[PDB]
């Protein structure tokens, strides 16, 4: 069974709805989503509304998240909840006790981590009362705060991020639901980034990826190229390469058709092709489209393409990409896992198991260029580390017959870490 769902953006009020929720409108949103054949939603509370003080949790805010989970369960949806937003569509929502006069570091400050731990525990304890609650994500792209290009970064070493993850994820655990975190693609593509590919493929219950072709994939390879619609597949094969466990599932927790780089008329086809190719990774556990509903036009300072990432429009009308994604779910939720792959691109790793050269992995880098060349020639390449490639027994076990290495590496020609040129 392959899971299909959406990242739920409330159609009246966006995530400002938490400040004045239109519950009848939220019910209409979730009914529509369910009637499209989705089996789950991802839900995003706002951190400074849940925890306005380091030692004071907004109990009503928690109850509002529980209510939203409950409504989704009414309509047969499983609910996954991200806690630390944090970052949403280019906006940072940070509690006042971590900014300006109270500038702190949410990854390395002992009492910040303790308060985070307490909120996760409060959230897990309360949401576990809803059968529809199926997993908790530490937060949406929590890594973006930890490094440049972020203009007020909370820097950390990878060892500190190891300790941060090890301090929060066990608190999210419990029977009946998963414990996860998410990162943006800087984890695989930015050198010296403290969130690492090994962490993503070892900590938490599944390997989580967000697939966004405005990072240079559409720009350099071509919006309609096969490379661009194979990019979610490349990310899935890339992320799972760095785990101890070759069977660890991969969750494509975010994937959208951004119209700052794709043509509007092309997005249905882009969606179909991207999903189908992503499903050629046999570790793939599910696909969660970004996003459910257009961001209200009355709201400003969004990069313009964010307003039309929806499967429904602002009036609640189903868009053509929406119809396509619902057709993908009905056809493929019952499909069999993909055949294994016998051709692998090899990535050199250090002793810890992380790429020594991360810049070569991004859009227009030597490793990406190599995988794309092989993919578009029908060689169906998977990805492995140099540690696995050196193990002749593992290779024969995994069935791999042909290895391709990055013979002369180069940095990512196309890569940009931001979604809009005005953030560069």
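Numbering follows the first chain given and starts at 1.
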Point to revise | Residue range whose averaged C-alpha B-factor is higher in the record, 218 to 226 or 287 to 295 | key: 218 to 226
Point to revise | Mean Cα B-factor comparison, 73 to 81 or 338 to 346, giving the higher one as deposited | key: 338 to 346
**Study point:** Peak C-alpha temperature factor (PDB record), options 92, 245, 116, 185
**Key:** 245
Exercise for review: Please work out which residue in 26, 46, 361, 396 has the highest C-alpha B-factor recorded for this crystal structure.
Suggested key: 396
Exercise for review: Determine, from the deposited record, the chain-internal third of the Cα B-factor for residue 331: lowest, middle or highest.
Suggested key: highest
Revision key, fill the gap. Residue 51: CA B-factor among chain residues, third -> lowest
Exercise for review: Using the B-factors in the PDB entry, rank residue 416's C-alpha atom against the chain and give the third, lowest, middle or highest.
Suggested key: highest
Practice item. Give the position of residue 280 by CA B-factor within its chain, expressed as the lowest, middle or highest third. Key: lowest
Revision key, fill the gap. Of the three thirds of Cα B-factor ranks in this chain, residue 378 occupies the highest
